[PDB]
């Protein structure tokens, strides 16, 4: 049996990993066991005090996040803020499958990392976005996964097919709305319900958001040209969901762009291209590992437009982690990962 530990089990990403594992077929038949659940200060509390939706695990006592407690598990999810997985990965048995939700091993340019995160670059692990060209093969049998950030997942799925086929200019604009669970459950006044309800605001604008270079990195993997990214995130009064509106200049006809998206995504089970006349909505993908995508051309503005909707906690985090865990373990990639949303 694959014994699984979750570090950061009391946070939003850790809770969603547990939700997905509880529903995974390997948990049903005993090939996957849910072992130690650890955190920082929540140690000693029961899991139900943080995740009342996870009633089968509510009685579990949260433990300290120490190598000894996380030891003895074949797979370890790290659902912590960036800064801990580098040292934590080193203390663990190297045979252990380590799936890091944080950013520590995402970036391939050490100088880019130091500019945006202000610490020593730890390195890079296989990127947990299996639909990216080349990425799936690197995850088969791997023992190290860097799960993508939520906004990059939406932006890259929206944009890479057009850019890989040289059908748009490499200067892209991304304005993405997001529910507030993407910010984590650490209490701040700016994330308070009364503040968030009934309001929308852009934040970390004009290149300072740390996902900007992660989008750039993913796009550079499919083109020769110099990539620039204008990325604006906008917080909206929903708990989950990302709707990324992505634009770039183009002179290619719509029919060519449509065919490029059909070719890239016809055999990708989690990507759904909208029928003609329909557009994505975050409500349709909530609680699923799906991305819903539509493309169009603004002829007057000579601008390509791609819309992508994902659940930030599933395809944008925990579902990507479980998807990559499946590939790493040699299990069917779709195990435990529904494409069906929970709407309305």
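Positions refer to the first chain, counted from 1. Rigid core (definition): largest C-alpha set, two forms, superposition within 1.5 Å.
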Core-fitted comparison in 7 other deposited structures of this protein, 74 to 82 vs 267 to 275, farther C-alphas = 74 to 82
Higher-deviation stretch (C-alpha RMS, rigid core fit) in 7 other deposited structures of this protein, choosing from 147 to 155 and 93 to 101 | 93 to 101
131 to 139 set against 145 to 153, stretch whose average Cα temperature factor tops the other in the entry | 131 to 139
Decide which of the stretches 269 to 277 and 109 to 117 has the higher mean C-alpha B-factor, going by the entry.
-> 109 to 117
Among 297, 284, 43, 308, which residue carries the highest C-alpha B-factor recorded in the PDB entry?
-> 43
Go through 211, 201, 240, 263 one by one and give the residue whose Cα B-factor in the PDB entry is largest.
-> 263
Ranked C-alpha temperature factor of residue 339 among modelled chain residues, by third = lowest
Among the modelled residues of its chain, does the C-alpha B-factor of residue 53 lie in the lowest, middle or highest third?
-> lowest
Among all modelled residues of this chain, ranked by Cα B factor, put residue 301 in the bottom, middle or top third, i.e. lowest, middle or highest.
-> middle
Using the B-factor values recorded in the entry, state whether the Cα atom of residue 33 falls in the lowest, middle or highest third among the modelled residues of its chain.
-> middle
CA B-factor ranking of residue 330, expressed as a third of its chain = highest
